[PDB]
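Protein chains in written order, with the deposited numbering: chain 9, 3 to 161; chain S, 1 to 372; chain A, 1 to 56; chain B, 1 to 56; chain 8, 3 to 73; chain 7, 159 to 248.
Every residue, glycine too, gets a C-beta built ideally from N, C-alpha and C.
Here's the structure we're looking at; comments come further down.
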Amino acid sequence: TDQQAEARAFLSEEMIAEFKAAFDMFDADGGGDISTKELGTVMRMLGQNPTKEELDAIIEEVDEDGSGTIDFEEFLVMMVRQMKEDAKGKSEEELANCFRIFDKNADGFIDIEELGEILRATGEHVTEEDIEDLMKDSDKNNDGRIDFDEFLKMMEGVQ
Amino acid sequence: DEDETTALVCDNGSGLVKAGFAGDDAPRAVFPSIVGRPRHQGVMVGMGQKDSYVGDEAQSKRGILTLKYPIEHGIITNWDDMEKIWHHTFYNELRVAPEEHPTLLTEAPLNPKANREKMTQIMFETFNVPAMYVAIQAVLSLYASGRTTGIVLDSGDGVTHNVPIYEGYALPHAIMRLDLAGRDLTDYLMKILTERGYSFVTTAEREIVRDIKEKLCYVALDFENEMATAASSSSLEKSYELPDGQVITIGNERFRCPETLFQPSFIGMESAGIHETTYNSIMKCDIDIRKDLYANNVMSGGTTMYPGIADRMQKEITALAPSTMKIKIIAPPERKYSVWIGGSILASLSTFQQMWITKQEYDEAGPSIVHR
Amino acid sequence: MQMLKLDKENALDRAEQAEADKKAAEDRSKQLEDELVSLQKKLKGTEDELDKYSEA
Amino acid sequence: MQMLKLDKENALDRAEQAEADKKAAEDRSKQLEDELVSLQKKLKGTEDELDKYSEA
Amino acid sequence: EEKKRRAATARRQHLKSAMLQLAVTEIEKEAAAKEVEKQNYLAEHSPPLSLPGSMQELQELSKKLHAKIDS
Amino acid sequence: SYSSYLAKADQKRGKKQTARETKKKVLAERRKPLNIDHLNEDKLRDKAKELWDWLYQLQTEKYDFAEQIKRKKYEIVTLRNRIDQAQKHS
Ligand SMILES: [Ca+2]
Ligand SMILES: [Ca+2]
Ligand SMILES: [Ca+2]
Ligand SMILES: [Ca+2]
């Protein structure tokens, strides 16, 4: 129930509103929870073809009451974890891409040169000091370059 | 990565636990398989009252606790005390939370069906691991030496075994167990060394006889004319310096200790010895598979580390085997962790994912599921 | 038959000699490798007795 | 003839294998023996730096 | 006691965001351009087919293609 | 180390020969003879293009599988730098 807490804390009425409408369609009989079968039907409508094992695992992932079914609460939890994972994937993908664009020389790094270029390539006004400064702040392993790890870190937050 | 990083490998022994992450080359954690229970009420400075102690804190503080060994001869004998060693392994030694890590465990050669079901019951129901798997120890040792058919002589702290394996299936009716191992071997050295005119009187004298056994002991080939050599008194002798100055000398007994593994008669054992037992396992197997087993005697275990063990075994079974046969005694250097390394390989493997027993399998099939 | 017999005996004698000095190369190897784990061990000991007496 | 030919081929293959891992035992022999004159050398040095710091 | 230092950091951010912002807009450029290369490559390796006459040609061509397919 | 030479032969030859037939088995399936020869005249027309599309079909995929490896090859380069950077035997 503690999870169902922050979970509902996370979402908005809007969210809940829709996640409910969605939950209702999952739930055939309209009883109050998705069964190992009610789920199977929706999955296929969603274009999958899970197996008994697969289904349960997907069920008991948010079944805190060992019911073997999912209620609109356990469900919101599930939606949340997903919402999370989705946003994380999209982020790292974008950054990953940005790194390849900034790299271009494909050495797997971003040297003060490229950093300058890309920076100077922005509209913004910048002098070398700015560039070397950003390098010094980003390059934690003090090797001159900026590795993907560091790039993830440095861009951590920025939009 | 989800579980590529995440698979744990725990090898439960009679003397030591070996533990770590599938992927690593060697165990992240190695420690005694004890659970100490304090004989008196009181505390260490700055700590609270402790009900129990495990591993090295139980060994170090042994004078105020009653020490207990959960695994007698490779089989788990006390399940209250084993769940204690597992708890310690996950939470303190590897410092992981178990409920998000798949766990590969090991069991012994003819481990009772009911035990494999019980440790599954405890893994899934009290530790809540995502998935687990129990491999047989000789089988992981073999596999870690690349192959799939061979016979493993496995020897650790409380048991010795011979497990003939054919295309991965350990052969139940040909497996032999000899209850004399490194533990028995340290206590015999003890006596032949007090018998050399010495005294291992305080507990700091007791413990180090075991470090003498590990560092200075040998398995001589032609143990016959090695005693004879001892007598002419060559520069065969070897003095070890104790916790203090007290330089103790060990010339001869140095090899009289591993000659116990070929002659159990040195210790009032009437059982046959390691080499004969390798052989008997082999003339208990199918006929067509006996050339395979003979060219693939894989050794694993702490007690098979005595230098020249392989040469003695080489010649021990050549001279019992039909001359038309090829003998081959593989003894790798990392052998004190073969078992573990075989598990690390297997569990980090690309194809193993489909044999993991998941909580889905369990909550649906009962402990029977993993039991096979 | 005769030719195959004679070059066979000469194959076997060269095999027997090659096994014999192999045994000898391996025994000398094993002896030196053992003398070593002993010298290298003695040394971690003299170098550790050392950082100790130099610090003291 | 046939028997003498077949146990001849098996005499030659065992000879060839026995020569091959002999070469290998001798190369490892040489390597370990050389690592040693080096470790034993390093030692007279750490033990002599020692009687010196111990006396001082 | 480095009271102003706060503005320095904000800059890196302002810049970092000027960078990402730059990235994204460049990202789709390379993307589409990339595709362009794809349709040109295909442009010549398999140009808008033009069915020949009737007799030997259609058969021939057909045999031509079919072999290339295995290729 | 020359006793391992026989391992090279056995191993390489083995795997390589395994790979071959597989490729043959696989590729063979995806192949339906040009059976249709002299059964109609306008047939060739509705036929020829179908082959044409199948070709274009394959061609386009080959191009994608290609660009893919390149992208992956770059994932590697980076994934290798992260491996070294994450060495620090300290
Ligand atoms: Ca329902
Ligand atoms: Ca429920
Ligand atoms: Ca670069
Ligand atoms: Ca860097």
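Bridge-paired residues (DSSP) for residue i
i                       : result
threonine 160 (chain S) : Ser155 (chain S), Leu178 (chain S)
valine 30 (chain S)     : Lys18 (chain S)
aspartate 24 (chain S)  : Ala22 (chain S)
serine 300 (chain S)    : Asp154 (chain S)
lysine 238 (chain S)    : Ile250 (chain S)
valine 54 (chain S)     : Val35 (chain S)
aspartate 35 (chain 9)  : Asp73 (chain 9)
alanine 170 (chain S)   : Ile165 (chain S)
Chain-ordered neighbours of residue i on chain 8, where CB pairs are closer than 7 Å
i                       : result
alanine 123 (chain 9)   : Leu24
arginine 229 (chain 7)  : Ordered by position in chain 8, no residue passes the 7 Å Cβ test against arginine 229 (chain 7), which lies about 10 Å from the chain.
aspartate 139 (chain 9) : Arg14
Residue i and residue j closer than 8 Å at C-beta
i                        : j                        : result
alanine 144 (chain S)    : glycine 342 (chain S)    : yes
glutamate 32 (chain 8)   : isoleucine 103 (chain 9) : yes
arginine 240 (chain 7)   : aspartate 151 (chain 9)  : yes
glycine 158 (chain S)    : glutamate 72 (chain S)   : yes
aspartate 132 (chain 9)  : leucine 17 (chain 8)     : yes
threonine 148 (chain S)  : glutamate 117 (chain S)  : no
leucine 104 (chain S)    : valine 9 (chain S)       : yes
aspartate 11 (chain S)   : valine 339 (chain S)     : yes
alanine 220 (chain S)    : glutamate 226 (chain S)  : yes
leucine 185 (chain S)    : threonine 351 (chain S)  : no
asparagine 143 (chain 9) : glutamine 243 (chain 7)  : yes
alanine 331 (chain S)    : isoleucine 317 (chain S) : no
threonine 277 (chain S)  : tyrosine 188 (chain S)   : no
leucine 213 (chain 7)    : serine 64 (chain 8)      : no
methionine 325 (chain S) : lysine 284 (chain S)     : no
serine 29 (chain B)      : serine 38 (chain A)      : no
Nearest-angstrom Cα separation, counted from residue j out to residue i
i                       : j                        : result
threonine 66 (chain S)  : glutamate 57 (chain S)   : 12 Å
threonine 120 (chain S) : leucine 13 (chain 9)     : 38 Å
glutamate 83 (chain S)  : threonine 89 (chain S)   : 10 Å
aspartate 24 (chain S)  : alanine 69 (chain 8)     : 51 Å
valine 128 (chain 9)    : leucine 136 (chain 9)    : 11 Å
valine 139 (chain S)    : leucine 346 (chain S)    : 11 Å
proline 102 (chain S)   : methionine 132 (chain S) : 5 Å
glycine 197 (chain S)   : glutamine 59 (chain S)   : 28 Å
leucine 51 (chain 8)    : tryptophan 210 (chain 7) : 8 Å
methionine 21 (chain 8) : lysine 231 (chain 7)     : 25 Å
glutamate 56 (chain 9)  : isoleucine 369 (chain S) : 16 Å
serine 54 (chain B)     : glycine 46 (chain S)     : 39 Å
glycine 146 (chain S)   : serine 300 (chain S)     : 13 Å
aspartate 109 (chain 9) : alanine 177 (chain 7)    : 33 Å
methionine 3 (chain B)  : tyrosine 160 (chain 7)   : 30 Å
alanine 89 (chain 9)    : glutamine 5 (chain 9)    : 19 Å
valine 44 (chain 9)     : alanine 59 (chain 9)     : 16 Å
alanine 34 (chain 8)    : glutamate 28 (chain 8)   : 10 Å
Limits of the beta strand (DSSP E) - the one that residue i falls within
i                          : result
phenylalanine 21 (chain S) : 16-21
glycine 36 (chain S)       : 35-38
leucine 51 (chain 8)       : Taken as a continuous stretch (DSSP letters only), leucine 51 (chain 8) belongs to no beta strand (DSSP E), as it is neither H nor E.
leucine 57 (chain 9)       : Counting along the chain, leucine 57 (chain 9) falls outside any beta strand (DSSP E), though it belongs to the alpha helix (DSSP H) covering 54-61.
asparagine 12 (chain S)    : 8-12
Interface residues of chain 9 facing residue i [CB-CB closer than 9 Å]
i                       : result
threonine 358 (chain S) : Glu55, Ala59
Closer than 8 Å at the beta carbon, the chain A residues around residue i
i                      : result
residue 384 (chain S)  : Limits of chain S in this structure are 1 at one end and 372 at the other, which puts residue 384 (chain S) out of reach.
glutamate 47 (chain B) : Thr46
Under 8 Å by beta carbon: chain 9 residues contacting residue i
i                      : result
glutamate 32 (chain 8) : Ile103
Chain 8 contact residues for residue i, given Cβ-Cβ distances below 9 Å
i                      : result
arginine 203 (chain 7) : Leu53, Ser56, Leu60
Contacts of residue i in chain 7 (Cβ-Cβ under 7 Å)
i                      : result
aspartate 21 (chain B) : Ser161
Proximal residues of chain S, C-beta to C-beta of residue i below 9 Å
i                      : result
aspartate 34 (chain A) : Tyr218, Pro307, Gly308
The alpha helix (DSSP H) enclosing residue i, as first and last residue numbers
i                      : result
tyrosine 143 (chain S) : 137-144
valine 79 (chain 9)    : 74-105
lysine 220 (chain 7)   : 201-243
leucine 60 (chain 8)   : 58-72
Chain 7 contact residues for residue i, given Cβ-Cβ distances below 9 Å
i                    : result
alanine 24 (chain B) : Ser159, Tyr160, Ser161
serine 48 (chain 8)  : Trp210, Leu213, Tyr214, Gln217, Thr218
Chain-ordered chain 9 contacts of residue i [CB-CB under 7 Å]
i                       : result
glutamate 361 (chain S) : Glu55
Chain 7 contact residues for residue i, given Cβ-Cβ distances below 8 Å
i                   : result
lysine 18 (chain 8) : By Cβ distance, chain 7 contributes nothing, its closest Cβ being about 20 Å from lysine 18 (chain 8), past 8 Å.
Residue i: contacting residues in chain 8 (beta-carbon distance under 8 Å)
i                    : result
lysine 207 (chain 7) : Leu51, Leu53
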